[PDB]
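Next comes data_21.cif, a file with mmCIF, C-alpha atoms.
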```
data_entry
#
loop_
_atom_site.label_atom_id
_atom_site.label_comp_id
_atom_site.auth_asym_id
_atom_site.auth_seq_id
_atom_site.Cartn_x
_atom_site.Cartn_y
_atom_site.Cartn_z
CA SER A 1 -196.57 -81.30 54.52
CA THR A 2 -194.13 -83.98 55.62
CA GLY A 3 -192.40 -87.02 54.20
CA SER A 4 -190.89 -90.14 55.74
CA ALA A 5 -188.83 -92.76 53.92
CA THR A 6 -186.82 -95.76 55.03
CA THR A 7 -183.14 -95.84 54.09
CA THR A 8 -181.41 -99.21 53.77
CA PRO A 9 -177.70 -100.17 53.79
CA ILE A 10 -176.50 -101.33 50.39
CA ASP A 11 -174.31 -104.09 51.85
CA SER A 12 -173.24 -105.76 55.08
CA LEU A 13 -170.70 -102.99 55.86
CA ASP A 14 -173.07 -100.01 55.61
CA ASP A 15 -170.94 -98.67 52.75
CA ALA A 16 -173.87 -96.44 51.76
CA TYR A 17 -177.63 -96.22 52.19
CA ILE A 18 -180.35 -96.18 49.54
CA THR A 19 -183.78 -94.58 49.80
CA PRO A 20 -186.59 -95.15 47.28
CA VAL A 21 -187.62 -92.05 45.32
CA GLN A 22 -190.59 -91.74 42.95
CA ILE A 23 -189.82 -89.79 39.76
CA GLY A 24 -192.26 -88.91 37.00
CA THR A 25 -195.80 -89.87 36.00
CA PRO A 26 -196.54 -92.75 36.28
CA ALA A 27 -193.99 -93.09 39.05
CA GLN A 28 -190.59 -94.57 38.30
CA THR A 29 -189.03 -95.67 41.59
CA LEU A 30 -185.24 -95.38 41.80
CA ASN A 31 -183.08 -96.10 44.84
CA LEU A 32 -181.00 -93.00 45.50
CA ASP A 33 -178.08 -92.24 47.81
CA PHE A 34 -179.17 -89.26 49.92
CA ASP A 35 -176.06 -87.11 50.20
CA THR A 36 -175.87 -84.15 52.59
CA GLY A 37 -172.43 -83.42 51.10
CA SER A 38 -173.61 -82.53 47.58
CA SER A 39 -176.46 -80.69 45.91
CA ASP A 40 -177.36 -82.50 42.67
CA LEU A 41 -180.20 -84.97 42.20
CA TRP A 42 -178.90 -87.15 39.38
CA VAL A 43 -180.01 -90.52 38.07
CA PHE A 44 -179.02 -93.33 35.82
CA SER A 45 -181.27 -92.94 32.80
CA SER A 46 -182.23 -94.02 29.30
CA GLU A 47 -179.54 -91.53 28.20
CA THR A 48 -176.69 -93.16 30.14
CA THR A 49 -174.00 -94.71 27.93
CA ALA A 50 -175.11 -98.33 27.74
CA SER A 51 -171.68 -99.78 28.60
CA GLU A 52 -171.75 -97.76 31.85
CA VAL A 53 -175.04 -99.27 33.11
CA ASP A 54 -174.71 -102.60 34.96
CA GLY A 55 -177.88 -103.50 36.87
CA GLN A 56 -179.11 -100.06 37.96
CA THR A 57 -182.72 -99.02 37.51
CA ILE A 58 -182.94 -96.19 35.00
CA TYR A 59 -185.18 -93.15 34.69
CA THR A 60 -186.75 -92.87 31.23
CA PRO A 61 -188.05 -89.31 30.80
CA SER A 62 -189.87 -90.15 27.57
CA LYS A 63 -192.18 -92.42 29.60
CA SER A 64 -193.10 -89.64 32.06
CA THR A 65 -195.98 -87.38 31.07
CA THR A 66 -194.70 -84.70 33.47
CA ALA A 67 -191.06 -84.68 32.32
CA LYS A 68 -189.82 -81.62 30.46
CA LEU A 69 -186.34 -81.04 29.07
CA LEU A 70 -184.66 -78.10 30.81
CA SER A 71 -183.42 -76.75 27.52
CA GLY A 72 -179.70 -76.01 27.35
CA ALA A 73 -178.94 -77.14 30.89
CA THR A 74 -176.02 -79.47 31.58
CA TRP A 75 -174.36 -80.74 34.72
CA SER A 76 -171.04 -82.28 35.69
CA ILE A 77 -169.90 -83.29 39.16
CA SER A 78 -166.81 -84.79 40.76
CA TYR A 79 -166.88 -86.22 44.26
CA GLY A 80 -164.23 -86.42 46.96
CA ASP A 81 -163.61 -90.10 46.20
CA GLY A 82 -162.65 -89.27 42.61
CA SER A 83 -165.91 -90.48 41.06
CA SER A 84 -167.89 -88.35 38.63
CA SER A 85 -170.94 -88.11 36.40
CA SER A 86 -172.44 -85.66 33.91
CA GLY A 87 -175.36 -85.15 31.57
CA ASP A 88 -178.43 -83.04 30.81
CA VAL A 89 -181.48 -82.02 32.83
CA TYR A 90 -185.22 -82.58 32.97
CA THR A 91 -187.78 -81.16 35.35
CA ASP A 92 -190.27 -83.67 36.73
CA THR A 93 -192.35 -84.56 39.77
CA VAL A 94 -190.30 -86.15 42.56
CA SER A 95 -191.73 -87.70 45.71
CA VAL A 96 -189.89 -88.96 48.79
CA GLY A 97 -191.81 -90.79 51.46
CA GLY A 98 -195.11 -89.14 50.49
CA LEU A 99 -193.68 -85.61 50.08
CA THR A 100 -194.03 -84.34 46.51
CA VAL A 101 -192.12 -81.60 44.68
CA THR A 102 -193.23 -80.54 41.22
CA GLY A 103 -190.71 -79.07 38.82
CA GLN A 104 -187.69 -80.67 40.49
CA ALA A 105 -184.49 -80.69 38.43
CA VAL A 106 -183.71 -84.32 37.67
CA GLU A 107 -180.20 -84.52 36.26
CA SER A 108 -180.02 -87.34 33.73
CA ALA A 109 -176.60 -88.99 33.45
CA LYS A 110 -175.09 -89.39 30.03
CA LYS A 111 -171.79 -90.56 31.56
CA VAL A 112 -170.86 -92.02 34.94
CA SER A 113 -167.46 -93.09 36.24
CA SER A 114 -166.56 -96.71 36.91
CA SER A 115 -167.36 -96.74 40.63
CA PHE A 116 -170.98 -95.83 39.85
CA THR A 117 -171.27 -98.46 37.11
CA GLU A 118 -169.79 -101.08 39.43
CA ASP A 119 -172.35 -100.41 42.18
CA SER A 120 -175.59 -101.92 40.90
CA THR A 121 -177.49 -100.94 44.07
CA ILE A 122 -177.28 -97.13 43.66
CA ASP A 123 -179.47 -95.64 40.91
CA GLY A 124 -178.28 -92.07 41.52
CA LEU A 125 -177.78 -89.43 44.20
CA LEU A 126 -180.15 -87.00 45.90
CA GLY A 127 -178.14 -84.03 47.16
CA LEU A 128 -179.11 -82.38 50.44
CA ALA A 129 -176.29 -79.84 50.90
CA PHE A 130 -176.94 -76.18 50.08
CA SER A 131 -178.13 -75.30 46.58
CA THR A 132 -175.11 -73.03 46.05
CA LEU A 133 -173.16 -76.24 45.27
CA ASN A 134 -175.54 -77.43 42.53
CA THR A 135 -173.61 -77.94 39.29
CA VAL A 136 -176.34 -77.26 36.69
CA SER A 137 -175.27 -74.67 34.12
CA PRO A 138 -176.12 -72.05 33.00
CA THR A 139 -179.02 -71.86 35.49
CA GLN A 140 -178.19 -73.37 38.88
CA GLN A 141 -180.97 -75.56 40.29
CA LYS A 142 -182.38 -76.11 43.77
CA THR A 143 -182.20 -79.27 45.83
CA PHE A 144 -185.26 -81.34 46.64
CA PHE A 145 -185.18 -79.99 50.20
CA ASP A 146 -184.88 -76.37 49.05
CA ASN A 147 -187.87 -76.83 46.73
CA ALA A 148 -189.93 -78.56 49.43
CA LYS A 149 -189.00 -76.26 52.30
CA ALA A 150 -191.79 -73.70 52.04
CA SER A 151 -194.43 -76.46 52.04
CA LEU A 152 -193.00 -78.37 54.99
CA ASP A 153 -194.56 -78.13 58.44
CA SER A 154 -191.09 -77.19 59.72
CA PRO A 155 -188.06 -76.39 57.50
CA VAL A 156 -186.05 -79.43 58.56
CA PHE A 157 -185.04 -82.91 57.59
CA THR A 158 -183.61 -85.60 59.84
CA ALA A 159 -181.21 -88.48 59.25
CA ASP A 160 -181.55 -91.58 61.43
CA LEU A 161 -179.12 -94.06 59.88
CA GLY A 162 -178.98 -97.62 61.17
CA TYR A 163 -175.98 -99.72 62.12
CA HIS A 164 -176.27 -102.84 59.95
CA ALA A 165 -180.00 -102.07 59.76
CA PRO A 166 -182.47 -99.77 58.00
CA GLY A 167 -183.12 -96.24 59.22
CA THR A 168 -185.21 -93.22 58.27
CA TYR A 169 -185.08 -89.86 56.51
CA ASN A 170 -187.90 -87.56 57.63
CA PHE A 171 -188.82 -84.24 56.03
CA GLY A 172 -190.73 -81.48 57.77
CA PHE A 173 -190.95 -82.86 61.31
CA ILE A 174 -188.85 -84.18 64.18
CA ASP A 175 -189.94 -87.63 65.43
CA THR A 176 -189.59 -87.26 69.19
CA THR A 177 -189.85 -91.05 69.58
CA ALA A 178 -186.71 -91.64 67.51
CA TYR A 179 -184.09 -90.43 69.99
CA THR A 180 -183.27 -90.46 73.69
CA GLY A 181 -182.59 -87.46 75.88
CA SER A 182 -182.52 -84.04 74.25
CA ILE A 183 -181.28 -82.71 70.90
CA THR A 184 -178.24 -80.45 71.15
CA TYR A 185 -178.11 -77.83 68.40
CA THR A 186 -174.90 -76.31 67.08
CA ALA A 187 -174.08 -73.55 64.62
CA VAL A 188 -173.60 -74.15 60.89
CA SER A 189 -171.49 -72.26 58.38
CA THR A 190 -172.85 -72.39 54.83
CA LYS A 191 -169.81 -70.59 53.39
CA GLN A 192 -168.56 -73.73 51.61
CA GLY A 193 -172.07 -74.97 50.78
CA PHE A 194 -171.93 -77.79 53.35
CA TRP A 195 -173.56 -78.54 56.69
CA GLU A 196 -170.33 -77.39 58.32
CA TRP A 197 -170.08 -77.25 62.10
CA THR A 198 -167.50 -77.40 64.90
CA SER A 199 -167.28 -80.36 67.23
CA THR A 200 -166.08 -79.53 70.74
CA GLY A 201 -163.69 -82.47 71.10
CA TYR A 202 -163.32 -86.20 71.42
CA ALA A 203 -162.54 -89.18 73.61
CA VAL A 204 -161.12 -92.62 72.80
CA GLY A 205 -162.78 -95.50 74.61
CA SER A 206 -163.05 -94.83 78.34
CA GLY A 207 -160.37 -92.13 78.13
CA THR A 208 -160.73 -88.55 79.22
CA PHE A 209 -162.43 -86.10 76.90
CA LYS A 210 -160.09 -83.75 75.00
CA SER A 211 -161.66 -80.33 74.49
CA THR A 212 -160.60 -79.10 71.06
CA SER A 213 -162.46 -77.49 68.16
CA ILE A 214 -162.85 -79.76 65.12
CA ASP A 215 -164.48 -78.09 62.12
CA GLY A 216 -166.10 -80.55 59.74
CA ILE A 217 -169.12 -81.43 57.65
CA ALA A 218 -172.11 -83.68 58.33
CA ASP A 219 -172.02 -85.85 55.21
CA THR A 220 -174.41 -88.78 54.80
CA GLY A 221 -172.79 -89.54 51.43
CA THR A 222 -169.38 -90.38 52.94
CA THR A 223 -169.01 -93.81 54.55
CA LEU A 224 -166.28 -93.15 57.12
CA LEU A 225 -165.26 -90.61 59.76
CA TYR A 226 -162.33 -88.47 58.57
CA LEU A 227 -160.59 -86.43 61.28
CA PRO A 228 -157.24 -84.71 61.84
CA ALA A 229 -154.22 -86.99 61.87
CA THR A 230 -153.53 -86.23 65.56
CA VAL A 231 -157.00 -87.44 66.59
CA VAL A 232 -156.89 -90.51 64.35
CA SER A 233 -153.44 -91.51 65.62
CA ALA A 234 -154.66 -91.22 69.22
CA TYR A 235 -157.57 -93.55 68.40
CA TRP A 236 -155.58 -96.26 66.61
CA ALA A 237 -152.80 -96.19 69.20
CA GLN A 238 -155.33 -97.91 71.49
CA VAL A 239 -155.65 -100.92 69.14
CA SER A 240 -152.80 -103.46 69.32
CA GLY A 241 -151.25 -103.95 65.91
CA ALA A 242 -153.10 -101.12 64.17
CA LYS A 243 -151.07 -99.17 61.64
CA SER A 244 -151.44 -96.79 58.73
CA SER A 245 -150.80 -98.63 55.47
CA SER A 246 -149.90 -96.54 52.44
CA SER A 247 -150.49 -99.55 50.18
CA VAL A 248 -154.01 -100.15 51.51
CA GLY A 249 -154.83 -96.45 51.80
CA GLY A 250 -155.41 -95.90 55.50
CA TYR A 251 -155.41 -97.39 58.95
CA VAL A 252 -155.82 -101.15 59.18
CA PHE A 253 -156.03 -103.30 62.27
CA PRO A 254 -156.00 -107.00 63.17
CA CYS A 255 -159.41 -108.50 62.52
CA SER A 256 -159.00 -110.26 65.91
CA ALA A 257 -159.16 -106.90 67.73
CA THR A 258 -161.98 -105.52 69.82
CA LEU A 259 -162.22 -101.84 68.92
CA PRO A 260 -162.71 -99.05 71.47
CA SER A 261 -165.54 -96.59 71.14
CA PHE A 262 -165.01 -93.04 69.90
CA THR A 263 -166.85 -90.07 71.41
CA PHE A 264 -167.31 -86.70 69.72
CA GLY A 265 -168.58 -83.50 71.30
CA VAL A 266 -171.60 -81.47 70.23
CA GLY A 267 -171.54 -78.44 72.47
CA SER A 268 -171.58 -79.84 75.99
CA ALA A 269 -173.20 -83.08 74.76
CA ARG A 270 -171.43 -86.25 73.68
CA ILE A 271 -172.17 -88.79 70.94
CA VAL A 272 -170.62 -92.23 71.44
CA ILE A 273 -169.71 -94.31 68.38
CA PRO A 274 -169.47 -97.96 69.53
CA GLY A 275 -166.28 -99.77 68.57
CA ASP A 276 -168.13 -102.18 66.30
CA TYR A 277 -169.24 -99.28 64.09
CA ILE A 278 -165.54 -98.64 63.29
CA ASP A 279 -164.94 -102.13 61.84
CA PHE A 280 -165.10 -102.19 58.02
CA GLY A 281 -163.99 -105.77 57.69
CA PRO A 282 -161.21 -107.52 55.81
CA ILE A 283 -159.25 -105.40 53.35
CA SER A 284 -159.68 -108.19 50.79
CA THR A 285 -161.71 -111.36 51.01
CA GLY A 286 -160.25 -113.72 53.60
CA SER A 287 -157.63 -111.30 54.91
CA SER A 288 -156.97 -110.99 58.63
CA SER A 289 -156.22 -107.28 58.17
CA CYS A 290 -159.35 -105.19 58.67
CA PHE A 291 -160.05 -101.66 57.44
CA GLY A 292 -160.69 -98.92 59.98
CA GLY A 293 -163.74 -96.69 60.02
CA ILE A 294 -161.87 -93.66 61.39
CA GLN A 295 -159.31 -92.29 58.92
CA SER A 296 -157.18 -89.20 58.54
CA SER A 297 -158.58 -86.18 56.71
CA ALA A 298 -155.07 -84.84 56.10
CA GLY A 299 -155.30 -85.44 52.34
CA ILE A 300 -158.88 -84.15 51.94
CA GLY A 301 -158.78 -80.54 53.09
CA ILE A 302 -161.84 -80.92 55.35
CA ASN A 303 -162.93 -83.12 58.22
CA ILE A 304 -165.92 -85.31 57.41
CA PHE A 305 -168.49 -86.63 59.88
CA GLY A 306 -169.63 -89.42 57.57
CA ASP A 307 -171.95 -92.35 58.18
CA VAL A 308 -169.74 -93.92 60.89
CA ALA A 309 -170.40 -90.86 63.06
CA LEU A 310 -173.89 -89.92 61.92
CA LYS A 311 -175.36 -93.42 62.40
CA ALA A 312 -174.57 -93.15 66.12
CA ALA A 313 -176.98 -90.19 66.39
CA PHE A 314 -180.35 -88.79 65.44
CA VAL A 315 -179.34 -85.80 63.30
CA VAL A 316 -181.47 -82.72 62.57
CA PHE A 317 -180.63 -80.67 59.48
CA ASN A 318 -182.38 -77.40 60.35
CA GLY A 319 -182.88 -75.32 57.21
CA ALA A 320 -184.37 -72.29 58.93
CA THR A 321 -183.19 -68.85 57.81
CA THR A 322 -180.12 -69.39 59.99
CA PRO A 323 -179.39 -73.12 59.54
CA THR A 324 -178.23 -75.26 62.45
CA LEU A 325 -177.50 -78.93 63.12
CA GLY A 326 -178.94 -80.98 65.96
CA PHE A 327 -177.59 -84.21 67.42
CA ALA A 328 -179.24 -86.59 69.87
CA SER A 329 -178.29 -90.00 71.15
CA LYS A 330 -180.65 -92.85 70.26
#
```

Could you spell out this file's structure in structure tokens?
Amino acid sequence: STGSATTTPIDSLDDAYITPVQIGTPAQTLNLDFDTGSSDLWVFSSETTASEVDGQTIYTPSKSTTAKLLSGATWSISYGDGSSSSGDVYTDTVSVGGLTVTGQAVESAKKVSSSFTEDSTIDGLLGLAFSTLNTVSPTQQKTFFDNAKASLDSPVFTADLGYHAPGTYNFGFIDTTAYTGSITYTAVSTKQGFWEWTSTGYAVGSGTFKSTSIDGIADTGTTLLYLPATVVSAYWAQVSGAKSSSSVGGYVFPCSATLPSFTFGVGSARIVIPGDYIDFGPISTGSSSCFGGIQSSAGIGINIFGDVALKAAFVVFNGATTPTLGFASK
């Protein structure tokens, strides 16, 4: 089997992407944030504290003839941005882009933190990291991809995120029309539960390529590119007036600037992020200070190849017995 679904930016900055997901019988379609940095499929629901729902579409398990309470199971998750959610668990039928999994754990939120409430466009998350990170207790549950894998034509999914435009998540096949050149594959460590890999270096604009190993994660659920402070300083030093602002929370730059590109290495291959992809717009409405799309990871503990980086590539998440990542230009 295969599936193919369009993923759409939630706003004009590509802050996140939403993909429609069918849950239950008859189908209830919710727009979920596909997140290769976590491993829980959770949704706003009829159980979510009413004051914490503000415009999201909810899953109502009592209206699904295939929903079953997973008795005794609870979940609770905290994300790198400080947001969180928790609740109980149902199993139900879940379909993405024509690919159907029966018995998928659908984690129903009883509580969500304010950033989720405040984002009316995201009805929940669909985790695509390794199932060892799933938070369901006392019986850990599998991701949608893990449950689908054995049925797929090939044990892969691909992320093809658009810049200010829709893109595609495919399951079970690699669309050879969706990229240019060849796909370069690179090793993955699953030791932390992430799609963790090592970039071979970087370049700023037209500058020379610096060969240096940068371990980090391919994370569709993180907006920006978070890299070591040395690398990030070298980038922003090429932008007149750019500076790190403790009060804003990262590098800002004059909105009048033209940003240089940023290249990252995948083996001997190179992925070029155009300068425009690094512009996240005014820090507040009407400001002439703009927020940068490349930020330091120094306070995170891990480097994160988020959407800014991934949207410049066609990315293969290869879930074969030894997982690997593939990157192609497009």

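Here the question is which of A:296, A:244, A:208, A:1 gets nearest to residue A:98 using all atoms listed in the file, and that residue is A:1.
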
Open item on the list: Selection in question (the file shown): the PyMOL selection byres ((chain A and resi 131) around 8). Which residues does it include, as a PyMOL selection string?
Closed with: chain A and resi 39+129-130+132-134+140-143+146+193

TODO: Please identify all polymer residues within 9 Å of residue A:9, counting all atoms listed in the file, omitting same-chain residues fewer than 6 positions from it, and present them as a PyMOL selection string.
DONE: chain A and resi 15-18+161-167

Open item on the list: Which residue is closest to residue A:224? Choose from A:251, A:317, A:44, A:34 and count only C-alpha atoms.
Closed with: A:251

- [ ] Would you kindly translate the PyMOL selection byres ((chain A and resi 232-237) around 9) into the concrete residues it picks from this file, as a list in words?
- [x]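 Written out, the selection comes to residues 203, 204, 205, 226, 227, 228, 229, 230, 231, 238, 239, 240, 241, 242, 243, 244, 251, 252, 253, 259, 260, 261, 262, 292, 294, 295, 296 and 297 of chain A.
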
Open item on the list: Could you tell me, as a VMD selection string, exactly which residues end up selected when the PyMOL selection byres ((chain A and resi 41) around 7) is applied to this structure?
Closed with: chain A and resid 39 to 40 42 to 43 106 to 107 125 to 127

TODO: Please check which residues have atoms at most 10 Å from (-195.6, -83.2, 47.9) in the file's coordinates, counting all atoms listed in the file, and write them as an NGL selection string.
DONE: :A and (1-3 or 93-102 or 148 or 151-152)

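Our summary of the geometry notes that atom CA of residue A:279 is positioned 8.3 Å from atom CA of residue A:13.
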
TODO: Could you check which of A:118, A:212, A:57, A:63 is closest to residue A:83, using only C-alpha atoms?
DONE: A:118

Task: Proximity to residue A:248 - best of A:216, A:274, A:282, A:172, only C-alpha atoms - done: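 Comparing A:216, A:274, A:282, A:172 against residue A:248, the winner is A:282.
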
Open item on the list: Please list as a VMD selection string every residue within 12 Å of residue A:304, counting only C-alpha atoms and excluding residues in the same chain fewer than 2 positions away.
Closed with: chain A and resid 36 to 37 80 194 to 199 214 to 228 293 to 302 306 to 310

Task: Near-residue A:88 list (7 Å; all atoms listed in the file; drop same-chain fewer than 4 positions) as a VMD selection string - done: chain A and resid 73 to 75 107 to 109

Open item on the list: Could you check which residues have any atom within 9 Å of (-194.4, -86.0, 35.7), counting all atoms listed in the file with coordinates taken straight from the file, and then list them as an MDAnalysis selection string?
Closed with: chainID A and resid 23:27 61 64:68 91:94 102:103

Task: Selection: 7 Å around residue A:86, all atoms listed in the file, excl. self and same-chain fewer than 3 positions, as a PyMOL selection string - done: chain A and resi 75-77+109-112
